[PDB]
Amino acid sequence: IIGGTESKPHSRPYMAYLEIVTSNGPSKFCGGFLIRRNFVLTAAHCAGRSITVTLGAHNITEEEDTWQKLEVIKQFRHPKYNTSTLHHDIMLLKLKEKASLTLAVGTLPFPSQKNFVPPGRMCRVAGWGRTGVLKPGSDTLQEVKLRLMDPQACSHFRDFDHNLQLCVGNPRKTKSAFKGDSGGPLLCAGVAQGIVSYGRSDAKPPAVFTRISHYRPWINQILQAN
Ligand SMILES: CCc1ccc2c(CCNC(C)=O)c([C@@H](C3=C(O)[C@@H](c4ccccc4)CC3=O)c3ccccc3)[nH]c2c1
Ligand SMILES: [Zn+2]
């Protein structure tokens, strides 16, 4: 998160810190959010050979009693996820066991309504990702308020699609998500409407987020069958 503030510790109890393991390189990092006691929603590009989930964290360098380190049994990447266009950047992680409910750890279930969110309003995003283009990931959970932009603002992303994705962040403001934040939620009036996906390498807003409303049928399908 670039240009944000430190979250009040444990104020977003659904937030998940993801360590992504692969065979031929060191750990990489994403965000996610707990939508059921044994399911975390995140981005498909965060898939790996294996993934570890930490719930209940604020400062990720200091072990505390709120931490729950949880094993992932299976990854459900969207079947149409495309590494060229980056369409359908969404994935569900099934946890080996159900998380414990505490003050610091709880679910963020979707409401029944699944209306299409138009441009104009302000939303908030949180994560442990880089605090600048040339800076390291944050030790503490950070968050920032970003504006939903008209789709033409994201035209320069040639594979952007208004029906599939949200266009997020006023170009005139030095505020954004960045690397390490992918997979985290964008909340609009307390409701998750987007998932952090991708933007420019230089972090100039706006950036591209998965539009959750479009994927509600797929999400429901996976949850009901698993
Ligand atoms: C919205 C905020 C924002 C803005 C810009 C980016 C970019 C930079 C995108 N640069 C391009 C596409 O030119 C990225 C890319 C990136 C990660 O997510 C990190 C990563 C962690 C775990 C597994 C794999 C990778 C390491 C990395 O390089 C990335 C890679 C693969 C597909 C999509 C995104 N994420 C972003 C998020
Ligand atoms: Zn604490």
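Residues numbered from 1 in each chain as written, not as in the entry; some residues may be left out. Chains lettered and ligands numbered in written order. Heavy atoms only, no water.

- Structure determination for this entry is recorded as X-ray crystallography, at 1.74 Å resolution.

- You'll find the chain entered in the PDB entry as Chymase, with Homo sapiens given as the organism.
- Listed under Function in UniProt, the entry text for the chain is "Major secreted protease of mast cells with suspected roles in vasoactive peptide generation, extracellular matrix degradation, and regulation of gland secretion."
- For the record of the chain, the UniProt heading Sequence similarities holds the text "Belongs to the peptidase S1 family. Granzyme subfamily." (UniProt positions renumbered as here; feature names shortened; annotations may be inferred.)

**Let's talk about the nonpolar core**
- Ranked by size, the top nonpolar core spans 28 residues in total, and within it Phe33, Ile35, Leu41, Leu92, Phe110 and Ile219 carry the most contacts.
- Looking at this core, the elements with two or more residues in it are β2 (15–22), β3 (25–36), β4 (39–42), β12 (191–198) and α1 (216–225).
- When residues in this core are grouped by element, the largest group, four residues, is from α1.
- A domain split of this core shows at least three residues from each of domain 1 (1–12 + 108–213) and domain 2 (13–107 + 214–226).
- Excluding anything up to four places from it in sequence, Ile35 contacts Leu41, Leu92, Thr107, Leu108, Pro109, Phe110, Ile219 and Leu223. (Core = buried A, V, L, I, M, F, W, Y, C linked by side-chain atoms within 4.5 Å. Buried < 20%, exposed > 50% of the residue type's maximum accessible area, 1.4 Å probe, protein only. Helix = DSSP H or I, 4+ residues; strand = E, 2+ residues; numbered from the N terminus. Domains from an automatic or database assignment. Contact = heavy atoms within 4.5 Å.)

**Things to note about the state of the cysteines**
- In total, this model carries three disulfides according to the counting rule given.
- Through a disulfide, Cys154 is tied to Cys167; the S-S separation comes to 2.0 Å. One disulfide, between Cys154 and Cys167, carries an S-S torsion of 95 degrees and so falls in the right-handed class. Of the two residues, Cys154 is situated in the loop between β9 (142–147) and β10 (165–168) and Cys167 in strand β10; the sequence distance between them amounts to 13 residues. Of the two residues, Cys154 and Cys167, both sit in the buried class.
- Numbered in order of appearance, the disulfide-bonded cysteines of the chain are paired 1-2, 3-6, 4-5. (Disulfide = S-S within 2.5 Å.)

**Side note on the site of ligand 1**
- Around ligand 1 there are 15 residues in total, and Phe29, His45, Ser182, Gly199 and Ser201 lie nearest to it.
- Contacts to ligand 1 include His45, whose side-chain N or O atom sits 2.8 Å from an oxygen atom.
- Taking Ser182, its side chain carries an N or O atom lying 3.3 Å from an oxygen atom of ligand 1.
- Calculation on ligand 1 without its partners gives an accessible area of 730 Å², and the protein chains cover 74% of this total.
- Of all the secondary-structure elements, those providing two or more residues to the shell around ligand 1 are β3 and β12.
- Across the shell around ligand 1, the residue classes tally to seven nonpolar, five polar and three charged. (Near = heavy atom within 4 Å. Polar contact = N/O pair within 3.5 Å; in protein donor to acceptor, adjacent residues only side chain to side chain. Areas by Shrake-Rupley, 256 points an atom, 1.4 Å probe, with all protein chains shown as cover. Nonpolar A, V, L, I, M, F, W, Y, C, P; charged D, E, K, R; others polar.)

**Some remarks on the packing of aromatic side chains**
- Here the structure, examined in full by the defined rule, presents four aromatic pairs.
- Note on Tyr17 and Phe29: the rings are 5.9 Å apart at their centroids and 40 degrees apart in plane angle, and the pair reads as tilted. With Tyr17 in strand β2 and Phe29 in strand β3, this pair connects stretches of sequence that are 12 residues apart.
- Owing to a relative accessible area of 39%, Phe29 belongs among the partly exposed residues under this scheme. (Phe/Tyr/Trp six-rings, centres within 6.5 Å; stacked < 30°, edge-to-face > 60°.)

**Details of the coordination of the zinc ion (ligand 2)**
- Protein-derived coordination of the zinc ion (ligand 2) comes from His10 (NE2) and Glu64 (OE), at a distance range of 2.0 to 2.1 Å. One end of the pair, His10, is in the loop between β1 (5–6) and β2; the other, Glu64, is in the loop between β5 (50–55) and β6 (68–77), with 54 residues separating them in the sequence.
- Overall, the relative accessible area of 25% leaves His10 in the partly exposed class. (Donors = N, O, S within 2.8 Å, 3.2 Å for Na, K, Ca; no water.)

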